[PDB]
Amino acid sequence: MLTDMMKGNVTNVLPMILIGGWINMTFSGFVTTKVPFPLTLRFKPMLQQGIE
Amino acid sequence: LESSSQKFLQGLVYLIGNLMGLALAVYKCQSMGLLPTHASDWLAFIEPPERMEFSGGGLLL
Amino acid sequence: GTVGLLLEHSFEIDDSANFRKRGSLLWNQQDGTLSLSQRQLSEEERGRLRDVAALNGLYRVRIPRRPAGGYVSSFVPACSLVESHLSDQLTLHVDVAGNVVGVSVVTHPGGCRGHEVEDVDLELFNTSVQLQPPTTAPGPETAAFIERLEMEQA
Amino acid sequence: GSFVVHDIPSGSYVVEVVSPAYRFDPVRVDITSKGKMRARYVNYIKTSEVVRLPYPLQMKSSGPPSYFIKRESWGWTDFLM
Amino acid sequence: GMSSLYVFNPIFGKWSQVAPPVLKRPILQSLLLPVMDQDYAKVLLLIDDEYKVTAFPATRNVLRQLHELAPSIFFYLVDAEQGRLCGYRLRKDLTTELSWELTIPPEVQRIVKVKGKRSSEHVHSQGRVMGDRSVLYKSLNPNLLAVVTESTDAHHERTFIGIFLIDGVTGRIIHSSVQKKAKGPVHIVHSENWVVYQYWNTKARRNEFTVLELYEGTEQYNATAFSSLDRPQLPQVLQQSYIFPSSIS
Ligand SMILES: *[C@@H]1O[C@H](CO)[C@@H](O[C@@H]2O[C@H](CO)[C@@H](O)[C@H](O)[C@H]2NC(C)=O)[C@H](O)[C@H]1NC(C)=O
Ligand SMILES: *[C@@H]1O[C@H](CO)[C@@H](O)[C@H](O)[C@H]1NC(C)=O
């Protein structure tokens, strides 16, 4: 029962993060869109993953 | 927690607790730098300056 | 030992070249020091500079190329010269062989902000004179690299 | 396949067999005014060193160069971690 | 010494029916002013041997525009034979005047390169992040020449290569570096801020690079606009010499 409930609780976020990782690999190296508000520079390493 | 009028004051205490967290947030910013307070974060806002003096020419033709 | 270089200035309403003797430059080649001995501005020169300042003209300096074999010259906004309380710096650039290359005049502070200046201010020549010999560029650093890589290998 | 270069004054010269098909390692050659002359491995850093190589330069090629870079082609095992 | 102008359609290659002016006098330098005529033709200026200026298309509108904007146009002529640099103004009545003049003595130094920064480039980041949550400002001078001269002494031990960062308007030499024990040929690129000039090192017999980066203070002097006449702060120079293990072309 503990394993089942832990897996059920885990499957609410972990699939999303795994899909995000898979997308990051699959779609690495692009510039998809320009956010219409001036985000801070310190957020660069994570917004522009895969961009040199 | 509205047993008496002190709830209002209690609410302020609750707010104070929230304020404490907010204070920690400032520390968190100081610990992370994820706040646009320095000039560096304003770098992208700087338009290139216009040229005021034009100078051309070069080696003798 | 020491060589004297003439230094003329010019400023007119029409912004033409009317260089007139201003100061003598005593360049002592041994110790590499330069000293200027200029006469203070007169009323007409101050007046002439006033219209030049009024019309946003230029203040041009000129020195002979050799201690009349030529000249090296530059200019500075005379209105910026007058809005800086006659505070400027002229740098004498020479080459490795000890030959005159150029003269660069710049005021302090530069630019202009529309600051009106009284005549009494212009009775002193706040002039910082420097000589700029060619600075030897540094070569590539090899000793540090070889010693560092030797420590890495060991 | 051999080569001869004429009209060389005294000094130090880097000899390289340039060929788009197969690269060749450059070799330094020091020739003196008197006539004696030697070969060694080039080294722009710590140039004082001498690593003698026979003068009749036997610059065997090291195969075709690698101008191209292979595709990434990441697999699922790369996605794992 | 006579120069001529040929106008053609750059797509089809045929000469345009607009007859180009006959440049009677020998010319020295040419400028492509960003100002354009009504037909969106960029105004072109030529300086002849008599130091006069000829415009093209030199129409009334063109003449008026460049006559009204005359004092902000400066030419620089680099006579390599005499080792001289001159900088001329642009008067209202289409005439040039001696604004500044420098002389590098040909007896010890001959001018070999006058590489200036490309006019058709832009700079994205005016300053650079230095870490520390601070910024270091580049010395973006758009009128900065990078005149590189060789030593007339061809000896392997006494040769040198000088690089002067002469300004293009006021004639000020920002930097006057002279690398000793080096010989040409020198291949220099001048960019937004930095310059990079490859050369030969005779002492060690090796091609060497030397990157010069121009940086201003932590805070910009004149922001809104840049004027070569309003830069009393000499920009700091950062230098570094690298070894290139091959020649260059
Ligand atoms: C000439 O004018 C300059 C500019 O005002 C003077 O330089 C200033 O000197 C004071 C110290 O005396 C500094 O605090 C300022 O920052 C300087 N201003 C600059 C460099 O722009 C200079 O002292 C004056 N006199 C001489 C003889 O040079
Ligand atoms: C730059 O200099 C000009 C005068 O040349 C002055 O008016 C201006 O305020 C200064 N600063 C900026 C940011 O433009």
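Going by the header, the method for this PDB entry is cryo-EM, and the resolution given is 6.6 Å.

The name the PDB entry gives chain D is ER membrane protein complex subunit 7, with Homo sapiens as the organism. Its PDB record names the entry "Structure of the human BOS:human EMC complex in GDN".

Going by the annotation in the PDB entry, the name recorded for chain A is ER membrane protein complex subunit 3, with Homo sapiens given as the source organism.

Helix and strand counts for chain D stand at one helix and four strands. Order of helices (α) and strands (β) in chain D, N terminus to C terminus: β-β-β-β-α. Taken over the C-alpha trace, chain D has a radius of gyration of 19 Å; the compact-globule value for 81 residues is 12 Å, which it surpasses by more than 25%. Its C-alpha atoms give chain D principal-axis dimensions of roughly 65 × 30 × 15 Å. The buried share of chain D, taken over its 81 residues, is 16%. Counting contacts in chain D only where the partners sit at least 6 residues apart, residues at least 24 apart contribute 34% of the total.

On to the site of ligand 1. All names here are of chain C. Around ligand 1, the neighbouring residues are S87, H108, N126 and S128. Residue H108 places a side-chain N or O atom 3.1 Å away from an oxygen atom belonging to ligand 1. Here ligand 1 has 560 Å² of accessible area as a free molecule, and 30% of this is covered by the chains. Class assignment for the residues of the shell around ligand 1 results in no nonpolar, four polar and no charged.

Across the boundary between the two partners, chain E contributes 39 residues, which contact 37 residues of chain C. Together, the buried faces of chain E and chain C total about 2,900 Å²; carbon and sulfur atoms form 55% of this surface. Summed over the shared surface of chain E and chain C, the result is one salt bridge. A salt bridge links C:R60 to E:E97; its shortest N-O distance comes to 3.7 Å. Viewed at the interface, chain C and chain E are joined by 12 residue pairs in polar contact. The set of elements that each furnish at least two residues to the side of chain E that touches chain C consists of β6 (98-103), β12 (173-180), β14 (195-201), β15 (206-215) and β17 (236-244) of chain E. When residues in the side of chain E that touches chain C are grouped by element, the largest group, eight residues, is from β12(E). Grouping the constituent residues of the side of chain E that touches chain C by class yields 19 nonpolar, 10 polar and 10 charged.

What counts, and at which threshold
- Residues numbered from 1 in each chain as written, not as in the entry; some residues may be left out.
- Chains lettered and ligands numbered in written order.
- Part of a larger assembly, values for the part shown.
- Heavy atoms only, no water.
- Residues with missing side-chain atoms left out of burial classes, pairs and counts.
- Helix = DSSP H or I, 4+ residues; strand = E, 2+ residues; numbered from the N terminus.
- Rg over C-alpha atoms; globule rule 2.2 N^0.38 Å.
- Buried < 20%, exposed > 50% of the residue type's maximum accessible area, 1.4 Å probe, protein only.
- Contact = heavy atoms within 4.5 Å.
- Near = heavy atom within 4 Å.
- Polar contact = N/O pair within 3.5 Å; in protein donor to acceptor, adjacent residues only side chain to side chain.
- Areas by Shrake-Rupley, 256 points an atom, 1.4 Å probe, with all protein chains shown as cover.
- Nonpolar A, V, L, I, M, F, W, Y, C, P; charged D, E, K, R; others polar.
- Buried area = accessible area lost by both parts, 1.4 Å probe.
- Salt bridge = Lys/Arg side-chain N within 4 Å of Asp/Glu carboxyl O.

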